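File shown here: model_22.txt, holding compact mmCIF, C-alpha atoms and all ligand atoms.
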# COMPACT_ATOMS: atom_id res chain seq x y z
CA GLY Z 1 87.38 24.14 -77.11
CA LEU Z 2 90.00 25.60 -79.38
CA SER Z 3 92.07 28.60 -78.61
CA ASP Z 4 92.14 31.67 -80.86
CA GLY Z 5 95.32 30.51 -82.56
CA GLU Z 6 93.96 26.96 -83.08
CA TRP Z 7 90.94 28.40 -84.92
CA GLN Z 8 93.26 30.48 -87.08
CA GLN Z 9 95.24 27.34 -87.95
CA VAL Z 10 92.00 25.52 -88.91
CA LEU Z 11 91.07 28.45 -91.22
CA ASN Z 12 94.59 28.53 -92.75
CA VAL Z 13 94.58 24.83 -93.59
CA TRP Z 14 91.02 25.09 -95.02
CA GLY Z 15 92.35 27.78 -97.43
CA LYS Z 16 94.74 25.11 -98.69
CA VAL Z 17 91.89 22.59 -99.02
CA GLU Z 18 89.97 25.12 -101.09
CA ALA Z 19 92.87 25.68 -103.47
CA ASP Z 20 92.30 22.07 -104.68
CA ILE Z 21 88.96 21.09 -103.30
CA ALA Z 22 88.29 18.39 -105.92
CA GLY Z 23 91.56 16.54 -105.23
CA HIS Z 24 91.12 16.81 -101.47
CA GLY Z 25 87.52 15.69 -101.56
CA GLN Z 26 88.23 12.73 -103.81
CA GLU Z 27 91.10 11.60 -101.53
CA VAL Z 28 89.05 11.96 -98.38
CA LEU Z 29 86.27 9.74 -99.68
CA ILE Z 30 88.61 7.13 -101.04
CA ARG Z 31 90.40 7.09 -97.69
CA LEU Z 32 87.08 6.62 -95.84
CA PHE Z 33 85.80 3.93 -98.26
CA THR Z 34 89.06 1.90 -98.35
CA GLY Z 35 89.77 2.21 -94.64
CA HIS Z 36 86.18 1.64 -93.54
CA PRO Z 37 84.40 -0.26 -96.36
CA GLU Z 38 81.18 -0.54 -94.34
CA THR Z 39 80.63 3.20 -94.89
CA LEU Z 40 80.49 2.80 -98.65
CA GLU Z 41 77.16 0.93 -98.24
CA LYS Z 42 75.39 4.22 -97.30
CA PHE Z 43 76.03 5.47 -100.86
CA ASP Z 44 73.65 3.97 -103.37
CA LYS Z 45 75.51 5.83 -106.10
CA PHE Z 46 78.98 4.63 -105.13
CA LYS Z 47 78.79 1.18 -103.58
CA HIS Z 48 79.38 -0.55 -106.95
CA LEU Z 49 82.95 0.81 -106.96
CA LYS Z 50 85.18 -2.06 -105.78
CA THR Z 51 88.72 -0.69 -106.24
CA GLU Z 52 90.61 2.52 -105.50
CA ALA Z 53 91.23 3.00 -109.21
CA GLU Z 54 87.49 2.69 -109.91
CA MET Z 55 86.82 5.25 -107.18
CA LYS Z 56 89.40 7.66 -108.66
CA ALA Z 57 87.78 7.41 -112.13
CA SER Z 58 84.32 8.47 -110.84
CA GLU Z 59 83.46 12.13 -111.63
CA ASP Z 60 80.41 11.70 -109.36
CA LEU Z 61 82.45 10.52 -106.31
CA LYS Z 62 84.81 13.49 -106.93
CA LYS Z 63 81.79 15.83 -107.11
CA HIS Z 64 80.38 14.51 -103.81
CA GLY Z 65 83.75 14.95 -102.11
CA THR Z 66 83.69 18.63 -103.10
CA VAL Z 67 80.14 18.99 -101.71
CA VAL Z 68 81.19 17.46 -98.37
CA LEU Z 69 84.34 19.59 -97.97
CA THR Z 70 82.46 22.76 -99.00
CA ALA Z 71 79.76 22.10 -96.43
CA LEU Z 72 82.24 21.28 -93.65
CA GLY Z 73 84.38 24.31 -94.51
CA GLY Z 74 81.42 26.59 -94.26
CA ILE Z 75 80.39 25.21 -90.84
CA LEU Z 76 83.96 25.47 -89.51
CA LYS Z 77 84.26 29.08 -90.63
CA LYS Z 78 80.94 29.98 -88.99
CA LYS Z 79 81.97 28.23 -85.78
CA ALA Z 80 85.27 30.06 -85.75
CA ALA Z 81 83.46 33.38 -86.23
CA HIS Z 82 81.08 32.73 -83.31
CA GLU Z 83 83.93 31.54 -81.09
CA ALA Z 84 86.00 34.64 -81.84
CA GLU Z 85 83.20 36.79 -80.32
CA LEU Z 86 82.10 34.42 -77.52
CA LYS Z 87 85.55 33.45 -76.26
CA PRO Z 88 86.81 37.02 -75.38
CA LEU Z 89 83.54 37.69 -73.50
CA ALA Z 90 83.65 34.41 -71.52
CA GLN Z 91 87.34 35.09 -70.81
CA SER Z 92 86.81 38.54 -69.33
CA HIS Z 93 83.59 37.66 -67.46
CA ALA Z 94 85.15 34.55 -65.86
CA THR Z 95 88.53 35.84 -64.91
CA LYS Z 96 88.33 39.64 -64.58
CA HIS Z 97 84.72 40.51 -63.71
CA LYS Z 98 83.80 37.14 -62.13
CA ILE Z 99 80.21 37.08 -63.22
CA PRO Z 100 78.05 34.10 -62.12
CA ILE Z 101 75.77 32.47 -64.72
CA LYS Z 102 72.80 33.51 -62.56
CA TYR Z 103 73.64 37.14 -63.09
CA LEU Z 104 73.62 36.50 -66.88
CA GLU Z 105 70.13 35.08 -66.32
CA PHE Z 106 69.10 38.26 -64.51
CA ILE Z 107 70.30 40.42 -67.40
CA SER Z 108 68.56 38.13 -69.89
CA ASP Z 109 65.30 38.64 -68.02
CA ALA Z 110 65.88 42.41 -68.14
CA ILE Z 111 66.50 42.25 -71.92
CA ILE Z 112 63.31 40.27 -72.50
CA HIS Z 113 61.36 42.74 -70.36
CA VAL Z 114 62.77 45.81 -72.14
CA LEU Z 115 62.06 44.27 -75.59
CA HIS Z 116 58.50 43.49 -74.57
CA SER Z 117 57.97 46.94 -73.02
CA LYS Z 118 59.40 48.86 -76.00
CA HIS Z 119 58.17 46.66 -78.89
CA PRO Z 120 54.92 44.86 -77.81
CA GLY Z 121 53.67 44.49 -81.39
CA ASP Z 122 56.94 42.81 -82.55
CA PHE Z 123 57.40 40.76 -79.43
CA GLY Z 124 54.37 38.50 -79.01
CA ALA Z 125 54.44 35.11 -77.24
CA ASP Z 126 56.26 33.27 -80.03
CA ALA Z 127 58.90 35.99 -80.52
CA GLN Z 128 59.38 36.12 -76.75
CA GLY Z 129 59.76 32.35 -76.46
CA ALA Z 130 62.36 32.40 -79.26
CA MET Z 131 64.36 35.15 -77.56
CA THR Z 132 64.18 33.35 -74.19
CA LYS Z 133 65.65 30.25 -75.83
CA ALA Z 134 68.31 32.29 -77.67
CA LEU Z 135 69.50 33.89 -74.43
CA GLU Z 136 69.49 30.56 -72.58
CA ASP Z 137 71.55 29.10 -75.48
CA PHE Z 138 73.97 32.07 -75.06
CA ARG Z 139 74.26 31.39 -71.29
CA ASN Z 140 74.86 27.72 -71.97
CA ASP Z 141 77.64 28.61 -74.43
CA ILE Z 142 79.25 30.90 -71.74
CA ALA Z 143 78.85 28.20 -69.12
CA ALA Z 144 80.73 25.69 -71.37
CA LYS Z 145 83.59 28.24 -71.67
CA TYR Z 146 83.58 28.93 -67.90
CA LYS Z 147 83.96 25.12 -67.37
CA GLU Z 148 86.98 24.93 -69.73
CA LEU Z 149 88.50 27.81 -67.68
CA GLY Z 150 87.72 26.06 -64.39
CA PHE Z 151 85.51 29.03 -63.28
CA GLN Z 152 82.45 27.60 -61.50
CA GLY Z 153 80.14 30.57 -61.89
CA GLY D 1 68.18 24.27 -79.66
CA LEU D 2 66.11 26.71 -81.67
CA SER D 3 64.39 26.00 -84.93
CA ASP D 4 65.23 28.02 -88.06
CA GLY D 5 61.97 29.97 -87.64
CA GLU D 6 62.84 30.78 -84.02
CA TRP D 7 66.29 32.08 -85.04
CA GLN D 8 64.60 34.26 -87.62
CA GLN D 9 62.27 35.75 -85.02
CA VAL D 10 65.27 36.55 -82.78
CA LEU D 11 67.10 38.36 -85.56
CA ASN D 12 63.92 40.19 -86.56
CA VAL D 13 63.45 41.68 -83.08
CA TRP D 14 67.16 42.48 -82.71
CA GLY D 15 66.75 44.77 -85.71
CA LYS D 16 64.57 46.93 -83.45
CA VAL D 17 67.30 47.18 -80.75
CA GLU D 18 69.87 48.37 -83.27
CA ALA D 19 67.77 51.44 -84.13
CA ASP D 20 68.35 52.80 -80.58
CA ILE D 21 70.99 50.60 -79.01
CA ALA D 22 72.03 53.08 -76.33
CA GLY D 23 68.46 53.70 -75.06
CA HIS D 24 67.79 49.95 -74.93
CA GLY D 25 71.12 49.40 -73.14
CA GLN D 26 70.44 52.08 -70.51
CA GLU D 27 67.01 50.62 -69.76
CA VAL D 28 68.35 47.06 -69.55
CA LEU D 29 71.08 48.03 -67.10
CA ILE D 30 68.85 50.13 -64.86
CA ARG D 31 66.27 47.26 -64.85
CA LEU D 32 69.01 44.83 -63.87
CA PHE D 33 70.52 47.02 -61.17
CA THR D 34 67.22 47.99 -59.60
CA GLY D 35 65.81 44.42 -59.58
CA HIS D 36 69.04 42.72 -58.45
CA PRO D 37 71.27 45.20 -56.54
CA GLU D 38 74.00 42.66 -56.02
CA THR D 39 74.73 42.91 -59.80
CA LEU D 40 75.53 46.61 -59.42
CA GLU D 41 78.20 45.71 -56.87
CA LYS D 42 80.21 43.98 -59.64
CA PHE D 43 80.73 47.33 -61.34
CA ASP D 44 83.52 49.25 -59.66
CA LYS D 45 82.72 52.16 -61.95
CA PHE D 46 78.97 52.36 -61.29
CA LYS D 47 78.33 50.91 -57.81
CA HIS D 48 78.26 54.38 -56.19
CA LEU D 49 75.06 55.20 -58.13
CA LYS D 50 72.06 55.34 -55.81
CA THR D 51 69.07 56.85 -57.69
CA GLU D 52 67.46 56.38 -61.09
CA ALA D 53 68.26 60.03 -61.91
CA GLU D 54 71.95 59.40 -61.11
CA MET D 55 71.85 56.27 -63.30
CA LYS D 56 70.20 58.12 -66.20
CA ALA D 57 72.73 61.00 -65.70
CA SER D 58 75.74 58.64 -66.09
CA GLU D 59 77.54 59.09 -69.45
CA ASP D 60 79.47 55.89 -68.88
CA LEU D 61 76.48 53.69 -67.90
CA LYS D 62 74.78 54.61 -71.15
CA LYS D 63 77.99 53.92 -73.13
CA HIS D 64 78.33 50.56 -71.35
CA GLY D 65 74.71 49.57 -72.20
CA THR D 66 75.53 50.10 -75.89
CA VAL D 67 78.70 48.01 -75.53
CA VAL D 68 76.78 45.16 -73.98
CA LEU D 69 73.93 45.04 -76.49
CA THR D 70 76.31 45.44 -79.42
CA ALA D 71 78.38 42.52 -78.22
CA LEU D 72 75.29 40.30 -77.55
CA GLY D 73 73.78 41.07 -80.94
CA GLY D 74 76.99 40.10 -82.70
CA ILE D 75 77.13 36.79 -80.81
CA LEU D 76 73.48 36.03 -81.51
CA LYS D 77 73.89 36.77 -85.24
CA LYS D 78 77.01 34.60 -85.47
CA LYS D 79 75.30 31.76 -83.59
CA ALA D 80 72.31 31.93 -85.91
CA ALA D 81 74.61 31.88 -88.93
CA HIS D 82 76.35 28.75 -87.71
CA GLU D 83 73.06 27.04 -86.91
CA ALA D 84 71.67 27.86 -90.38
CA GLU D 85 74.49 25.75 -91.91
CA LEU D 86 74.71 22.98 -89.30
CA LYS D 87 71.02 22.29 -88.74
CA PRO D 88 70.17 21.21 -92.36
CA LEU D 89 73.17 18.87 -92.35
CA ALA D 90 72.25 17.26 -89.01
CA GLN D 91 68.62 16.91 -90.17
CA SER D 92 69.51 15.10 -93.39
CA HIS D 93 72.19 12.92 -91.78
CA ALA D 94 69.82 11.93 -88.90
CA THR D 95 66.62 11.35 -90.81
CA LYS D 96 67.44 10.46 -94.40
CA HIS D 97 71.02 9.09 -94.49
CA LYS D 98 71.02 7.80 -90.85
CA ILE D 99 74.73 8.31 -90.20
CA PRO D 100 76.10 7.23 -86.79
CA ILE D 101 78.48 9.50 -84.92
CA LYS D 102 81.15 6.79 -85.32
CA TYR D 103 80.99 7.16 -89.12
CA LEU D 104 81.48 10.90 -88.63
CA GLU D 105 84.56 9.93 -86.56
CA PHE D 106 85.83 7.82 -89.46
CA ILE D 107 85.47 10.69 -91.93
CA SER D 108 87.10 13.08 -89.48
CA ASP D 109 90.06 10.77 -89.29
CA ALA D 110 90.18 10.48 -93.09
CA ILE D 111 90.30 14.29 -93.38
CA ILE D 112 93.17 14.54 -90.90
CA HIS D 113 94.91 11.69 -92.72
CA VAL D 114 94.59 13.38 -96.13
CA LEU D 115 95.60 16.81 -94.83
CA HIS D 116 98.70 15.28 -93.26
CA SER D 117 99.41 13.47 -96.53
CA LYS D 118 98.97 16.35 -99.07
CA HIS D 119 100.69 19.13 -97.06
CA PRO D 120 103.87 17.34 -95.79
CA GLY D 121 105.51 20.69 -94.95
CA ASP D 122 102.64 22.38 -93.18
CA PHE D 123 100.26 20.32 -91.10
CA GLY D 124 102.33 19.66 -88.00
CA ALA D 125 101.32 18.36 -84.61
CA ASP D 126 99.79 21.62 -83.34
CA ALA D 127 97.73 22.28 -86.49
CA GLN D 128 96.67 18.60 -86.53
CA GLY D 129 95.59 18.91 -82.89
CA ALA D 130 93.58 22.06 -83.77
CA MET D 131 91.80 20.22 -86.57
CA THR D 132 91.18 17.13 -84.41
CA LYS D 133 89.51 19.37 -81.81
CA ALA D 134 87.59 21.29 -84.52
CA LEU D 135 86.24 18.07 -85.97
CA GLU D 136 85.34 16.72 -82.52
CA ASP D 137 83.65 20.10 -81.83
CA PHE D 138 81.76 19.59 -85.12
CA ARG D 139 80.77 15.99 -84.22
CA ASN D 140 79.65 17.26 -80.83
CA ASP D 141 77.58 19.99 -82.51
CA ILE D 142 75.93 17.28 -84.75
CA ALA D 143 75.41 14.99 -81.76
CA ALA D 144 73.54 17.76 -79.90
CA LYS D 145 71.28 18.20 -82.97
CA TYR D 146 70.79 14.42 -83.25
CA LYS D 147 69.48 14.44 -79.64
CA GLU D 148 67.01 17.26 -80.38
CA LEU D 149 65.71 15.33 -83.41
CA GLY D 150 65.33 12.15 -81.40
CA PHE D 151 67.84 10.29 -83.56
CA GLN D 152 70.18 8.04 -81.62
CA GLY D 153 73.48 8.75 -83.36
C1 LIG E 1 82.25 15.87 -92.49
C2 LIG E 1 81.15 15.10 -92.52
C3 LIG E 1 80.09 15.23 -93.51
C4 LIG E 1 79.64 16.27 -94.22
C5 LIG E 1 80.09 17.72 -94.16
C6 LIG E 1 78.73 15.83 -95.15
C7 LIG E 1 78.01 16.58 -96.07
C8 LIG E 1 77.01 16.22 -96.96
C9 LIG E 1 76.29 17.03 -97.85
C10 LIG E 1 76.50 18.55 -97.91
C11 LIG E 1 75.39 16.27 -98.53
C12 LIG E 1 74.39 16.67 -99.58
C13 LIG E 1 73.14 17.39 -98.84
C14 LIG E 1 72.60 16.57 -97.71
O1 LIG E 1 71.98 15.52 -98.05
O2 LIG E 1 72.69 16.94 -96.55
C15 LIG E 1 75.62 14.94 -98.03
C16 LIG E 1 74.97 13.71 -98.45
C17 LIG E 1 75.20 12.41 -98.03
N1 LIG E 1 75.96 12.10 -96.97
FE1 LIG E 1 77.16 13.29 -95.96
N2 LIG E 1 78.52 14.46 -94.99
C18 LIG E 1 79.35 14.10 -94.03
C19 LIG E 1 79.57 12.79 -93.56
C20 LIG E 1 78.92 11.66 -94.07
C21 LIG E 1 79.28 10.30 -93.76
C22 LIG E 1 80.43 9.86 -92.87
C23 LIG E 1 78.38 9.50 -94.45
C24 LIG E 1 78.35 8.00 -94.55
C25 LIG E 1 79.21 7.09 -94.04
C26 LIG E 1 77.49 10.33 -95.16
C27 LIG E 1 76.51 9.97 -96.00
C28 LIG E 1 75.77 10.70 -96.95
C29 LIG E 1 74.90 10.24 -97.91
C30 LIG E 1 74.51 8.77 -98.07
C31 LIG E 1 74.48 11.30 -98.62
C32 LIG E 1 73.53 11.38 -99.78
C33 LIG E 1 74.37 11.03 -101.02
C34 LIG E 1 73.62 11.08 -102.36
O3 LIG E 1 72.98 10.09 -102.71
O4 LIG E 1 73.63 12.05 -103.13
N3 LIG E 1 77.91 11.65 -94.98
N4 LIG E 1 76.61 14.87 -97.04
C1 LIG E 2 74.24 39.72 -72.16
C2 LIG E 2 75.23 39.55 -71.25
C3 LIG E 2 76.47 40.36 -71.22
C4 LIG E 2 77.17 40.87 -72.27
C5 LIG E 2 76.91 40.63 -73.75
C6 LIG E 2 78.27 41.60 -71.72
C7 LIG E 2 79.26 42.25 -72.50
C8 LIG E 2 80.31 43.04 -71.95
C9 LIG E 2 81.20 43.82 -72.78
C10 LIG E 2 81.20 43.70 -74.27
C11 LIG E 2 82.09 44.42 -71.91
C12 LIG E 2 83.31 45.29 -72.25
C13 LIG E 2 84.41 44.26 -72.69
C14 LIG E 2 84.80 43.17 -71.71
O1 LIG E 2 85.29 43.47 -70.64
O2 LIG E 2 84.59 41.92 -71.91
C15 LIG E 2 81.77 44.06 -70.58
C16 LIG E 2 82.34 44.48 -69.38
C17 LIG E 2 81.81 44.24 -68.09
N1 LIG E 2 80.74 43.37 -67.78
FE1 LIG E 2 79.57 42.44 -69.03
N2 LIG E 2 78.24 41.60 -70.33
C18 LIG E 2 77.14 40.82 -70.01
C19 LIG E 2 76.68 40.59 -68.71
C20 LIG E 2 77.23 41.05 -67.49
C21 LIG E 2 76.68 40.99 -66.22
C22 LIG E 2 75.39 40.28 -65.92
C23 LIG E 2 77.57 41.63 -65.37
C24 LIG E 2 77.43 41.83 -63.91
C25 LIG E 2 76.38 41.69 -63.11
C26 LIG E 2 78.60 42.08 -66.17
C27 LIG E 2 79.66 42.79 -65.56
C28 LIG E 2 80.66 43.45 -66.38
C29 LIG E 2 81.74 44.30 -65.84
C30 LIG E 2 81.94 44.66 -64.42
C31 LIG E 2 82.41 44.78 -66.85
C32 LIG E 2 83.58 45.79 -66.74
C33 LIG E 2 82.89 47.15 -66.94
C34 LIG E 2 83.74 48.41 -66.88
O3 LIG E 2 84.15 48.79 -65.79
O4 LIG E 2 83.88 49.10 -67.92
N3 LIG E 2 78.42 41.75 -67.47
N4 LIG E 2 80.63 43.24 -70.60
Can I see the file as structure tokens?
Ligand code: HEM
Ligand code: HEM
Amino acid sequence: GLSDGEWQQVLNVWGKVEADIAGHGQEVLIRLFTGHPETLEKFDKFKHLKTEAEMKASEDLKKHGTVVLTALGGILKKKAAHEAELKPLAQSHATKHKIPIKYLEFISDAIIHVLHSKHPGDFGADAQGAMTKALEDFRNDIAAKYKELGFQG
Amino acid sequence: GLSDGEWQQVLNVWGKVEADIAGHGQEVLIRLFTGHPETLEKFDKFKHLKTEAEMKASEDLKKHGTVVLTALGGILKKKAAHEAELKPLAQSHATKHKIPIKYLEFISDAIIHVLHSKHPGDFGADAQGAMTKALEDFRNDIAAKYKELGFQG
């Protein structure tokens, strides 16, 4: 995992990518295609380009580079946002409060019960199965942080 | 992993919690502490509480319930938001484009190469490490989705 400061450095450099996304995206693809020509075969639109100059002249290759970097940027920013909330919680519950994963399962069962008790008409079998999976996914994400911290839990 | 529909059902029900977060949080904690008394022992501030009246009478237990549910709902929403961007990308790259994890490694390395190249002043060893990890974290996130979709990446 990244630390808090590492995620902030990822976000800072992506701000620089976005100030010239077309140039960055073009350069990334050319670098991939020249360094690893077998990749270029996946692109039915691009595989006729034989030289770096030909690649640089393609408005379509440039447009696809912008699509890739925009998609990646968005995923990185959403990961960073989730990590900035998950990491402080894992940190405190591993090192200060020393909470086993099993106890997070017990509280997840209590949440599911309270939601079902309070909102039966909004919390049928499908909704309940979805929430059970979301809280298991949450525990799994905390468990991965506990591991990085060496807390067995 | 949850499907998009499952994430939407989670966020739909969480809307109901938000309407009375403190009441939900009080009920969740009392359910937890009554079902699993060893969890109450982890709270130095609450472990003296012996009866349900005493637990309902506690100003701080109720405030803590709202803290806990507020923090979980923010993590769930941020996880859903990340999944809503990552899942479509993994689905197309697994099923339509059929891109191996190793090609995702090649593009990761191209991005780090181009960032190093176009920002000579800025992108030093630490920042480059942070991006390396962030792209491996991304490849790992895709690889987990690939598994779910039964695509060998
Ligand atoms: C950082 C990694 C990557 C990101 C963010 C990314 C993103 C995207 C996006 C947003 C699209 C258009 C929508 C879609 O079909 O999902 C796309 C299409 C595509 N991607 Fe990727 N991609 C990545 C890596 C790769 C790699 C390494 C390859 C091949 C070696 C690949 C091959 C393709 C192909 C063949 C298409 C369809 C192109 C077309 O005909 O229009 N991608 N990618
Ligand atoms: C859905 C799962 C949980 C969430 C979202 C959650 C969230 C929080 C929050 C936001 C705080 C205050 C900030 C902090 O210290 O990190 C906190 C404190 C605490 N949590 Fe949790 N928690 C969870 C589960 C548990 C469980 C299962 C236990 C124990 C059985 C636990 C024991 C504690 C303790 C002892 C504190 C310090 C409380 C104080 O004295 O004020 N947590 N938790």
Query raised in the report: Would you list which chain Z residues are within 6 Å of chain D using only C-alpha atoms, as an MDAnalysis selection string?
Result: chainID Z and resid 6 9:10 28 31:32 78:79 82 107 110:111 127 130:131
**Report entry** From Z:48, Z:62, Z:149, Z:139, residue lying nearest residue 20 (chain Z) [all atoms listed in the file]
**Finding:** Z:62
Query raised in the report: What does the distance from atom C1 of ligand LIG 2 (chain E) to CA of residue 68 (chain D) come to in Å, to one decimal?
Result: 6.3 Å
Report, as lines of an AutoDock Vina configuration file, the axis-aligned box around all atoms of region 130-148 of chain D present in the file, extended by 3 Å on each side; give centre and edge lengths in Å to one decimal place.
center_x = 80.3
center_y = 18.2
center_z = -83.1
size_x = 32.6
size_y = 13.6
size_z = 12.9
Report task. Have a look at D:92, D:26, D:66, D:152 and name the one nearest to ligand LIG 1 (chain E); count only C-alpha atoms and all ligand atoms. Result ->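 Distance minimum relative to ligand LIG 1 (chain E) lands on D:92.
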Report task. Have a look at CA of residue 70 (chain D) and CA of residue 41 (chain D) and let me know their distance in Å, one decimal. Result -> 22.6 Å
Query raised in the report: So which one's closest to ligand LIG 1 (chain E), Z:47, Z:93, Z:145, Z:102? Using all atoms listed in the file, please.
Result: Z:47
Query raised in the report: How far is it from CA of residue 37 (chain D) to atom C9 of ligand LIG 2 (chain E), in Å with one decimal?
Result: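 Computing it gives 19.1 Å between the two atoms.
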Query raised in the report: Which is closer to ligand LIG 1 (chain E) than all the others in Z:55, Z:46, Z:121, Z:116, using all atoms listed in the file?
Result: Z:46
Query raised in the report: When distances are computed from all atoms listed in the file, which of D:61, D:101, D:21, D:143 shows the smallest separation from ligand LIG 1 (chain E)?
Result: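 Using all atoms listed in the file, ligand LIG 1 (chain E) sits closest to D:101.
For the choices D:56, D:73, D:148, D:120, the atom-to-atom distance to ligand LIG 2 (chain E) is smallest for D:73 when using all atoms listed in the file.
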